[PDB]
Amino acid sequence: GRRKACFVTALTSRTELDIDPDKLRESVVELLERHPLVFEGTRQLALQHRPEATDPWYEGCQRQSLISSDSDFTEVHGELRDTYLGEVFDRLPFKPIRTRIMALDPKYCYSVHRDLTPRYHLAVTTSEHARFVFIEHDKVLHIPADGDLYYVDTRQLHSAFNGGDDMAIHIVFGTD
């Protein structure tokens, strides 16, 4: 109750990163061959882990209430340094936490709800059929796979849907 809904223009913001969409997509496709997304509907893979984690690829994918603190998930996987995903992390203007690849299945949507913390999104694979829907703000948002980073305030009441035939995939960064 003490925080109120944001003004509509504060739902999103663009930070220019100049990432190459083709190289980004091919690096994600190759990575998922070796480290598959877990879960169904909304699927996930962790790109940052807690120091000394024995389950670095999936620990950070647990539901928020099982996460001690997002800020513990600081370590980019060592093997990413050599690939184009290492280049993505190098270009970030902030220190990310609990970064995950996150995906929406084809023809899938999730419940209208509020998240606890907004994140930054880099779209990997998407289409005109994949959108965020903000219910109180009556605003529809599409995040293009243009190599730029988009803040998206998913604390606001919202759903997301993917009406396409192919899965929609983002890299989703936290910050502190």
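Numbering starts at 1 and follows the sequence shown.
- Taking the mean C-alpha B-factor of each stretch as recorded, 100 to 108 and 83 to 91 are not equal, and the higher mean is that of 83 to 91.
- Higher mean CA temperature factor, per the PDB entry, when comparing 156 to 164 with 21 to 29: 21 to 29.
- The residue among 66, 140, 37, 123 whose C-alpha atom has the highest B-factor in the PDB entry is 66.
- When all modelled residues of the chain are sorted by CA temperature factor, residue 42 is found within the lowest third.
- When all modelled residues of the chain are sorted by CA temperature factor, residue 50 is found within the highest third.
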